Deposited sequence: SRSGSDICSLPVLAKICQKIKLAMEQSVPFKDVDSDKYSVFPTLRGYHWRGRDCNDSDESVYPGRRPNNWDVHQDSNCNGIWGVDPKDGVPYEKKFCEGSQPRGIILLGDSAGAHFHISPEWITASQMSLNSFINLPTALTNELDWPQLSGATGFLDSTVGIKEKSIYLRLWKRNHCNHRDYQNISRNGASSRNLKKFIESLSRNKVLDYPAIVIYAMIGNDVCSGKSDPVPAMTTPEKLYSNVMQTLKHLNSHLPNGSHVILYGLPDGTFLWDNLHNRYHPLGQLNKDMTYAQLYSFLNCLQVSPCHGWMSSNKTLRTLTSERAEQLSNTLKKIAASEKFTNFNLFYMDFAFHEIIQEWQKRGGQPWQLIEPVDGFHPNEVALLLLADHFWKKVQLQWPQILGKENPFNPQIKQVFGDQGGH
């Protein structure tokens, strides 16, 4: 742990404090879940069915409230009843939370006072940027692609979903440890709308830093056990009519193939450090996020991809056979090959889909392309998951505008 250094004592203590004052406390700030419009009343929060149609107070924080003076009808009843609102919930890892170290913080050739203005906020959020993620991002993308997050596409299809997002993701989350924070999931069987739940543990079950990482990887038997516990738990907390989507794992050999010859941001000035040298350095120290895939040992990379395929098939098999009363289940290939193809159709290179500093995570472009593939594949094969477009979307915007923002 870095905080063992005495010189870092004060900043480590102040980071801990800021996290505690957010209201796993960070998981409640508006970067991770829809802003609570009234934190002095615990019956007001995003995702609940409206209390008395919100004739006085906006009880689900979606910016729709009050009564139409023409016909005395509540706007929430006129505009949202029948539209079948639903929330988006991600159970994820450092990719779902969009872990990101800015190259601007470590590349001297363009460094300035402007470069570190976003550092304190990133540090109090564990270097995660869920407000820009593919699942729950709501801010304007800092990159040049029109694609939006799953949450915003959901809002676009039905404006009543405003603020109904939850990113329940942790760096280092896996099928093994998800039970340690799944309690931060907020949803009430009886009072809340159904939710779309994405289960995206896409790495840490085969990713480890140990010198011999094969024994540490989860087995298909243990994974099946872990996921069934998680699904049994979700069945006791999701309203009837929910949907759960299990993501498969990636063929992580694209990392080494596309990056091993490229210069890291710290090596671009003097062309003296490639991703291969970084991977070797981190493995020698046993602190690589993924020894299995971030390695020159082609045998080890194959054993990792082989286990990831077995784990993926387990999830696919769980989705075809296991049944639950309160939600139906779906399986989705990570399918990064198709992401690469779509990027190349836009003129892009595959190496531009990886976070430059860590050489491991998908960056913002990739997360938005994964969200676009999710949307098109779900809309084509399982349209019920996403519901119908709300005919009153234009009238919602005309009466309520931006619905309070985020």
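No C-alpha positions are given for the deposited-sequence stretches 1 to 5, 29 to 40.
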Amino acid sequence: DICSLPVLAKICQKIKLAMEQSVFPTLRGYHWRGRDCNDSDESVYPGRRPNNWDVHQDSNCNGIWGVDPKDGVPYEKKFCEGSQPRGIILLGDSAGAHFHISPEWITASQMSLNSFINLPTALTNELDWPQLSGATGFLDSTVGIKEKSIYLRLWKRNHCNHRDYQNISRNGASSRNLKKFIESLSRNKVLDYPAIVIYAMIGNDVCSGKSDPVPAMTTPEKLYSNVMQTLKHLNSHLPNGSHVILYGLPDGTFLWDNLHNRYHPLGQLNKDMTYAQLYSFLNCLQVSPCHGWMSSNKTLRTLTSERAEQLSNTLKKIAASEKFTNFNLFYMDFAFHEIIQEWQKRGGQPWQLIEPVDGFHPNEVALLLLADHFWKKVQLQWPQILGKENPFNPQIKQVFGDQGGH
From here on, numbers count along this sequence of modelled residues.
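The mean C-alpha temperature factor is higher for 338 to 346 when 367 to 375 and 338 to 346 are set side by side. Averaged over CA atoms, B-factors in the entry run higher in 140 to 148 than in the other of 140 to 148 and 255 to 263. Looking at 235, 312, 158, 280, the one whose CA carries the top B-factor in the deposited record is 235. Residue-level inspection of the entry shows that, of 34, 356, 69, 362, 69 has the top Cα B-factor. In the PDB entry, residue 93 places in the lowest third of its chain by CA B-factor. Among the modelled residues of its chain, residue 57 has a C-alpha B-factor that falls in the middle third, as given in the PDB entry. Ranked within its chain, residue 103 lands in the middle third, by CA B factor from the PDB record.
Ranked by Cα temperature factor within the chain, residue 191 sits in the middle third according to the deposited record.
Ranked against the other modelled residues of its chain, the C-alpha B-factor of residue 395 as given in the entry falls in the middle third.
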